[PDB]
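For the sequence shown, position 74 matches number 67 in our numbering, and the numbering has no gaps at all. For each residue, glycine too, the CB sits at the ideal point set by N, CA and C.
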Amino acid sequence: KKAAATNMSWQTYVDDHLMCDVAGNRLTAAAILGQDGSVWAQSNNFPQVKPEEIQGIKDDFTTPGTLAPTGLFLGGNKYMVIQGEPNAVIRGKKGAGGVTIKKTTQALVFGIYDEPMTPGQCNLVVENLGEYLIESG
């Protein structure tokens, strides 16, 4: 019955809650884009995402398996699609690194890790914060 749904600043969500130091290491880069493709907040070194890349990501959330055969692209870098959560989470691999994308009510959470950060740690900070944004909208 209690909405009570507040909203911190977008950059503080990325600066404090996405690049937060986890077990000594942090994400390589992170960003939060609205589902329209607009960049609402991004890290200092997050790559510029092409709309054709954004268009495909929405297409695999609505239809899992779209980006899997061809691969997932972010700013010219190719990420191999790995086990993700249908319609909610897309996960990728690029060598010792990878990427986790969490779908929200109206936005998209991006998180990019490299060595030595583990894929589960990137999945941790992305899905949980995205799950919190799911709870609030």
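Are three or more beta carbon pairs between the stretch -1 to 6 and the stretch 92 to 99 nearer than 8 Å? The stretch -1 to 6 is not in contact with the stretch 92 to 99.
Under the three-state DSSP convention, the category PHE54 falls into: Correct three-state label for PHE54: helix.
Using a Cβ-Cβ cut-off of 6 Å (strictly less than) and excluding sequence neighbours within five positions of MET110, which residues of its own chain qualify? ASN18.
Who are the Cβ neighbours of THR55 in its own chain at under 8 Å, not counting the five residues just before and after it? Around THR55: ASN80.
Does the stretch 29 to 38 come within contact of the stretch 56 to 76, defined as at least 3 CB pairs closer than 8 Å? Taking a cut-off of 8 Å for Cβ pairs, the stretch 29 to 38 and the stretch 56 to 76 do not touch, as fewer than three such pairs fall below it.
Cα-Cα, which of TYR125, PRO112, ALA89 and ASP107 is closest to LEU101? For the residues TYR125, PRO112, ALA89 and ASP107, the minimum Cα distance to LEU101 belongs to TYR125.
Suppose you measure from the CA of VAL119 to the CA of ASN0; what does that come to, to the nearest Å? Within the model, the alpha-carbon separation for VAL119 versus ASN0 is close to 17 Å.
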